[PDB]
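S.K.: I have a structure I would like to understand better, so I am pasting it below and will then ask my questions one at a time.
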Amino acid sequence: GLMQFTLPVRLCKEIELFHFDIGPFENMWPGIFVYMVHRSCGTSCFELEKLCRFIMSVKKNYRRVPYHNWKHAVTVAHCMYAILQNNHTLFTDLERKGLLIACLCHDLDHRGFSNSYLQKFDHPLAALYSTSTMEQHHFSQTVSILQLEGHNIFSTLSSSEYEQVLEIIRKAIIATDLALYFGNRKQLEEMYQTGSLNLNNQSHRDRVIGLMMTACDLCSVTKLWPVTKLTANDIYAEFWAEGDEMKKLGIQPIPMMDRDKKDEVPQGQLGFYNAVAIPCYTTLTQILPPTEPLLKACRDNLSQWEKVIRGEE
Ligand SMILES: Cn1ncc(C(=O)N2CCOCC2)c1C(=O)Nc1ccn2nc(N3CCCC3)nc2c1
Ligand SMILES: [Mg+2]
Ligand SMILES: [Zn+2]
């Protein structure tokens, strides 16, 4: 009740910034997440004992893969934290509750392979969930963990507040399927430019939260250049493992996933920043102006990838 989680001074100040890195000390990540829940939501939002038990079961259900791991989960929750704190008044009490949990849970039981590889391999999950295959699995594991004894962090909500929050989390997790991002941003682009965008319209909020999820999910490109660059090494470690597996099924992998096209990484990063990252944080800055630091950081990292191509790094 009177027990505030605190952090050392450098973390207490920098955790409030979009570019914060959670650091290499795994054992601090739970405490960092609880700190973010308490400040964006209140010490009232969750029974501390249930929350801690939920956090530790979630961590246990992330795997030891180079990129889609427990650190990624907490990184994406921190970006969401930064967005919610910079837009205090735009979000309901349930959305604040739901979205940090959604971000922590959004890649639960990821195996380091794309939806496309699961379909080519003919993995059982690809018969149970024909599109957004891993993302429907992630939401399924989130419901699972919520239903374990002592793990219902939402037990103080009404039947209907409970159903609203699980529906927020479901849509938020589905939206991290990057195949869905393109259409969702196009729609938001038009709605904003024709002034039809209305945050009282539930299906409009849904799209805005979807874009926030893409923004948080991609936030490695919004960090200090050495974080951005070292995170890309983890991303490629997964992509090239998938490419190897693709070649074992007798399938030429896409360039992203072919370790024989290492040389072309800088140009692939450019395509990605131009086709996905920049448009994402641009539309997000148009809809929520205080998130401009993410656009500005993304632009800075594009410019660093351009230097790498020119030989100046
Ligand atoms: C930085 N970042 N953060 C998130 C993502 C990402 O896409 N996702 C995160 C993992 O799950 C999938 C979604 C990335 C990223 O690197 N994306 C890309 C996208 C296209 N290309 N193409 C190339 N090359 C190199 C040789 C020629 C083609 N490399 C990339 C890298
Ligand atoms: Mg994912
Ligand atoms: Zn993710």
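Using the numbering of Swiss-Prot, the residues shown for chain A are 724-1036, in order.
Placed from the backbone N, Cα and C atoms, the Cβ positions cover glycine too.
Summarising the annotation, Swiss-Prot assigns 3',5'-cyclic GMP binding site to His791, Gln992 and lists experimental evidence as the type of evidence. The active site, proton donor feature in Swiss-Prot is assigned to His791; the stated evidence is similarity to another entry. Annotated divalent metal cation 1 binding site per Swiss-Prot: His795, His829, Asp830, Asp940, in sequence order, evidence recorded as experimental evidence. What Swiss-Prot records for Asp830 is divalent metal cation 2 binding site, and it gives experimental evidence as the kind of evidence.
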S.K.: Please list residues from the chain of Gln992 (3',5'-cyclic GMP binding site) whose Cβ is under 8 angstroms from its Cβ, counting only those at least six apart in sequence.
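M.R.: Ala955, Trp1028 - these are the non-local Cβ neighbours of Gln992 (3',5'-cyclic GMP binding site), listed in sequence order.
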S.K.: Report the binding-site residues (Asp830, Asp940, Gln992) that meet this criterion: Cβ distance to the nearest atom of ligand 3 under 6 Å. Use sequence order and write none if nothing qualifies.
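M.R.: Close enough to ligand 3 are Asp830, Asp940.
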S.K.: Based on Cβ atoms within 10 Å, give me the single least packed residue among the binding-site residues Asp830, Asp940.
M.R.: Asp940
S.K.: Taking the recorded divalent metal cation 1 site as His795, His829, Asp830, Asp940, identify the other residues of that chain whose CB atom sits within 8 Å of the mean position of the site's CB atoms, giving them in sequence order.
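M.R.: Once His795, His829, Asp830, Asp940 are set aside, the remaining close residues are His791, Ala796, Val799, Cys826, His833, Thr899, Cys939.
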S.K.: Can you tell me which of these binding-site residues sit near ligand 2, meaning the Cβ is under 6 Å from at least one of its atoms: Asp830, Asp940, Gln992?
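M.R.: Checked binding-site residues vs ligand 2; flagged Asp830.
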S.K.: Pop the Cα-Cα gap between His791 (3',5'-cyclic GMP binding site) and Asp940 (divalent metal cation 1 binding site) into the table, whole Å please.
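M.R.: Cα of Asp940 (divalent metal cation 1 binding site) to Cα of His791 (3',5'-cyclic GMP binding site) measures 11 Å after rounding.
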S.K.: Between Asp830 (divalent metal cation 1 binding site) and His791 (3',5'-cyclic GMP binding site), how far is it from one CA atom to the other, in Å?
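M.R.: Here the two Cα atoms are 7 Å apart.
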S.K.: How long is the line from the C-alpha of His829 (divalent metal cation 1 binding site) to the C-alpha of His791 (3',5'-cyclic GMP binding site), rounded to the nearest angstrom?
M.R.: 10
S.K.: Let me know the most crowded of the binding-site residues, choosing from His795, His829 and counting other Cβ atoms within 10 Å.
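M.R.: Going through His795, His829 one by one, the largest Cβ count within 10 Å is at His829.
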